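# Residue-level structure breakdown
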Amino acid sequence: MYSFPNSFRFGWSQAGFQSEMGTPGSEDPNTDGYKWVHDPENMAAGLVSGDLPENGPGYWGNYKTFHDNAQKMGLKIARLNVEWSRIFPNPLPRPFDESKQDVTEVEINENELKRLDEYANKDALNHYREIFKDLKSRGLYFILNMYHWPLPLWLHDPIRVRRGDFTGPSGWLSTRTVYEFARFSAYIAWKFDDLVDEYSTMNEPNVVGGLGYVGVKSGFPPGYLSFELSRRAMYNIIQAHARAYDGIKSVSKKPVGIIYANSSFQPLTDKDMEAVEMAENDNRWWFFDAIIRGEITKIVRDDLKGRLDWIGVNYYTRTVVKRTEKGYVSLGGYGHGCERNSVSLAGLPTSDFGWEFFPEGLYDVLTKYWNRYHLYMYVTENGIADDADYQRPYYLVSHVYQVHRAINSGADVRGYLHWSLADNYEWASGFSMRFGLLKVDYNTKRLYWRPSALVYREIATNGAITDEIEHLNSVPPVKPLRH
Ligand SMILES: [Cl-]
Ligand SMILES: [Cl-]
Ligand SMILES: [Cl-]
């Protein structure tokens, strides 16, 4: 068997936009995300699937059933977010110099918090309290994340920006968003600190910059192709993280971290190790050096330095790179660039999303983070698009084993949170990509246990990969699968 520390928790992560809607009265029509996925031009272009989040799994109404199943599965930790748009569905009073590039401070005080409170949707706040109270009553440890991509429409009209019009609310291109995010985060901690165990400011901010402004075929808002604006968004997001960290700390003493989308960068050949280092620099270290070391482009900002207590690792697959004349390049046919339901160029099976099976990458990412910064970590996401559940039992046990390995090497990793408990709205892919331990019937909103959920229950209830399931620490046999 492979046993975990007594204090290690197995759990799940989920997102509000992706899981909340689907029961009567649950619709949140007031985000950039909602506008984006309903947009007729985006649908016609096939940038989004045409599936709509309001037909989702219905966590807003059915949370007790989600939590019931989690409890029965032996889970002891959950990471969820509050949707900013639900709390402030209408715009806030303006503050603050918009033309100032750097936001070095955002003052939070009692009177400001009490004024914000006048504009907050109390029905939503109360409902979130009920959800989180139910969660805690199951003996679940609670990581509350503040932001998982959708912004209030009053801060970002993504269709206007897609069209090249920058005269309106521009999301992460505007420092107004930085100011309002810090105040929102402080406000939520002020309201919910009694329920929360740890905080995350954001989920996968690198996706906002990368898919929003470069990987524009992905259907991530606002889909405006610009290296320059991608940089501006990420700069603002970095400052927003620091100001939200300070904001939360002004009302709470609990840990505040951030959650990031990671890949394990792997060399095509033994001569490509330098290309791996460059890729890690360009995709990972620049961001964390900014919020941990205060380093940005080459200076040190004392208002950014030290603004992190823990790191949330989101890991799905690798990225293979090779050296080039000027720098490096990622390769198709490995990692997340494979055919769906096939095999990679390395002979490894791929998921419903075309993502390659590569559990060793999780060890790589965890140990790299540990050796560079020595901040403790949670694996905040790991999972696979697999409606049939063919690969997921292997994917689950294999990745969990790699976390055990990381701990054995000395890395401080305190839990593993699977993405996700149930199937949910996968943004531009709609409902077709099924990441749940539990399968959702979107017509009845019923939840079903895929066999991997029974495997997960064995792990979580024993706090170990038990002898009986050690054989799943292996690659799904490729011969019976599609090539
Ligand atoms: Cl990464
Ligand atoms: Cl450091
Ligand atoms: Cl269905």
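With the PDB entry as reference, the chain is termed Beta-galactosidase, source organism Sulfolobus solfataricus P2. According to the UniProt record, the Subunit comment for the chain is "Homotetramer." Under Sequence similarities, UniProt gives the following word-for-word description of the chain: "Belongs to the glycosyl hydrolase 1 family."

Turning our eyes to something else, we now look at the pattern of salt bridges. Counted by the stated rule, this structure contains 36 salt bridges. As a salt-bridge pair, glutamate 112 and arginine 183 come within 3.1 Å of each other at their nearest N and O atoms. In this pair, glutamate 112 is assigned in helix α6 (residues 110-119) and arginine 183 in helix α9 (residues 175-192), connecting sequence segments 71 residues apart. Overall, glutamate 112 belongs to the buried group, its relative accessible area being 14%. Between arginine 243 and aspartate 303 there is a salt bridge, with the nearest N and O atoms lying 2.9 Å from each other. By the burial criterion, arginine 243 is buried, and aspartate 303 matches it. The network of salt bridges with common partners includes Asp102, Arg243, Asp246, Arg301, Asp303 and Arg307.

Turning our attention to the pairing of strand β4 (residues 141-145). Across the five residues of β4, five count as buried, placing the element largely inside the fold. Inspection of the sheet shows β4 paired to strand β5 (residues 198-203) by three bridges, in the parallel sense. Residue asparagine 145 lies in a different strand from β5, and its bridge partner there is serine 200.

Turning next to the environment of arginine 307. Mapped onto the secondary structure, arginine 307 falls in the loop between β8 (299-300) and β9 (311-324). With a relative accessible area of 16%, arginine 307 lands in the buried category. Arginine 307 sits 175 residues away from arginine 482 along the chain, and the two C-alpha atoms are 46 Å apart. When neighbours within four sequence positions are excluded, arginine 307 is seen to be in contact with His241, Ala242, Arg243, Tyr245, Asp246, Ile291 and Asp302. Within polar-contact distance, the side chain of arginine 307 engages the side chain of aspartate 246 at 2.9 Å. Only 2.9 Å separates the side chain of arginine 307 from the backbone oxygen of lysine 305, close enough to count as a polar contact.

Within the secondary structure, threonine 31 is located in the loop between α1 (16-19) and α2 (32-38). Taking the relative accessible area as the measure of exposure, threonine 31 reaches 1% and is therefore buried. Counting along the chain gives 54 residues from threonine 31 to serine 85, while the straight-line C-alpha distance between them is 6.0 Å. Beyond its immediate stretch of four places on either side in the chain, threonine 31 contacts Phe17, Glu83, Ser85, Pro150, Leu151 and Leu153. Side-chain polar atoms of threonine 31 contact the backbone nitrogen of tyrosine 34, separated by 2.9 Å.

A few words now on the side chain of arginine 301. Mapped onto the secondary structure, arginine 301 falls in the loop between β8 and β9. Judged by its relative accessible area of 7%, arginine 301 is buried. Polar contacts involving the side chain of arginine 301 include one to the side chain of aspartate 102, which spans 3.4 Å. A polar side-chain atom of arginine 301 sits 2.7 Å from a polar atom in the side chain of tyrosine 235. Leave out the neighbours within four places in its chain, and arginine 301 touches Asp102, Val103, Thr104, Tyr235, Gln239, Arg243, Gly294 and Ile296.

Angle between the axes and distance between the axes: these two values describe a pair of packed helices. At a minimum axis separation of 9 Å, helix α14 (residues 392-408) and helix α15 (residues 451-462) run at an interaxial angle of 25 degrees. Put simply, α14 runs roughly parallel to α15. Considering only the axes of α14 and α15, their crossing is right-handed. Residues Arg392, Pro393, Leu396, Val397 and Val400 of α14 form the contact with α15, whose participating residues are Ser452, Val455, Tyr456 and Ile459.

At a closest axis distance of 10 Å, the pairing of helix α11 (residues 227-249) and helix α12 (residues 273-293) adopts a crossing angle of 35 degrees. In this structure, α11 meets α12 at a crossing whose hand is right-handed. Where α11 abuts α12, its residues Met234, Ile237, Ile238 and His241 lie against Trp286, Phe287, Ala290 and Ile291. Here the residues of the contact of α11 with α12 are counted per class, giving seven nonpolar, one polar and no charged.

Evaluated as defined, the whole model comprises 45 aromatic pairs. Summarising the aromatic geometry, the rings of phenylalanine 10 and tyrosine 456 are spaced 6.1 Å apart at their centres and angled 90 degrees between planes, so their arrangement reads as edge-to-face. On the basis of relative accessibility, which here comes to 0%, the residue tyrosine 456 falls in the buried class. Grouped by ring-pair contacts, the aromatic residues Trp84, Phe88, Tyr147, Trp172, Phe181, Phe184, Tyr187 and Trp190 constitute a single cluster. Just above the ring of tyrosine 376 sits the side chain of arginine 414; from NZ or CZ to the centre is 3.6 Å.

Definitions and limits used
- Residues numbered from 1 in each chain as written, not as in the entry; some residues may be left out.
- Chains lettered and ligands numbered in written order.
- Heavy atoms only, no water.
- Residues with missing side-chain atoms left out of burial classes, pairs and counts.
- UniProt positions renumbered as here; feature names shortened; annotations may be inferred.
- Salt bridge = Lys/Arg side-chain N within 4 Å of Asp/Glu carboxyl O.
- Helix = DSSP H or I, 4+ residues; strand = E, 2+ residues; numbered from the N terminus.
- Buried < 20%, exposed > 50% of the residue type's maximum accessible area, 1.4 Å probe, protein only.
- Pairing = 2+ DSSP bridges.
- Contact = heavy atoms within 4.5 Å.
- Polar contact = N/O pair within 3.5 Å; in protein donor to acceptor, adjacent residues only side chain to side chain.
- Axes fitted to C-alpha atoms, helices over the stretch in contact; angles between N-to-C directions.
- Parallel < 35°, antiparallel > 145°, perpendicular 65-115°, else oblique.
- Left-handed = near helix turned anticlockwise from the far one by under 90°.
- Nonpolar A, V, L, I, M, F, W, Y, C, P; charged D, E, K, R; others polar.
- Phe/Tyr/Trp six-rings, centres within 6.5 Å; stacked < 30°, edge-to-face > 60°.
- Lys NZ or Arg CZ within 6 Å of the ring centre and 35° of its normal.

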